Each structure stands twice: as C-alpha cells, then as structure tokens.
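Peer 1: Quick one, what's the 3D model for this:
(2 chains)
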Amino acid sequence: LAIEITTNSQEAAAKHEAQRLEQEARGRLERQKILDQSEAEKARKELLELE
Amino acid sequence: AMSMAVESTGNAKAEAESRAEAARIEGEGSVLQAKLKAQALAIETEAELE
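Peer 2: Residues are numbered from 1 along each chain as shown, chains lettered A, B, ... in the order given. And now the structure:
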C-alpha cells in the first residue's frame, strides 16, 4: 500500500501534465481556428461586395 | 460585418437599379408614346372633325 500510493501520486501528476498539454493545445487550437476564420471573413468581404 | 455589409448593399442596389433602369426607359417610352398617341387622337377627330 505505501508503495502503491507513490505510484498513484506520480501517475496522477503525469495525467495532470498530460491534461496540461491537451488543454493548452485545445486553447490555441481555438485561437487559430479563430484567426484563420478572421482571414476568411476579411476576404469574404470582397466575396460579398462583388457577389 | 463590413463584408456582408457591402454584400447586402450591392445585393439590394441590384434589385434596385434593375427596376430603376427599367423605370428610366419605360418612362421615356411613355414619353414618346405621349408625343405619338397625341398625333393619333389629334387628327382622328380632325378628319372626323370635318
């Protein structure tokens, strides 16, 4: 038991760091979805002007 | 917003200038219809006058 507690603690911390990578990834995933939609709408301006 | 703004302004100026240019020349059409259907009625009852 006193060694399984150590295994659980280290694996939980690594799971949290894996969630860190995942959540930071999803975070700028959102922002870059956002910025590319920015450029798309910037020229959808010309789309709808000329359409 | 400004993209679909210029979209909308052109899209409605479309159905606008359509009826507009149609109005221009349907109007000058009736203008000469006027000058003409004038000389129609003007002398129908010039002979029928006599």
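Peer 1: Roughly how far does residue B:39 sit from chain A?
Peer 2: Noted for residue B:39: a distance of 48 Å to chain A, by CB to the nearest CB, to the nearest Å. Using the backbone N, CA and C atoms, a C-beta is placed for each residue, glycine as well.
Peer 1: same question, residue B:43
Peer 2: Computed as CB to the nearest CB, the residue B:43 to chain A distance reads 54 Å.
Peer 1: helix, strand or coil for that residue?
Peer 2: Secondary structure, DSSP: H, G, I helix; E, B strand; the rest coil: residue B:43 is helix.
Peer 1: Look up phi and psi at residue B:49.
Peer 2: Residue B:49 adopts backbone torsions of phi -40, psi -70, taken as degrees, to the nearest 10.
Peer 1: what about it, distance to residue B:42?
Peer 2: Distance, residue B:49 to residue B:42, by CB to CB, to the nearest Å: 10 Å.
Peer 1: And the residue of chain B that's closest to chain A?
Peer 2: residue B:7 (2.6 Å; CB to the nearest CB).
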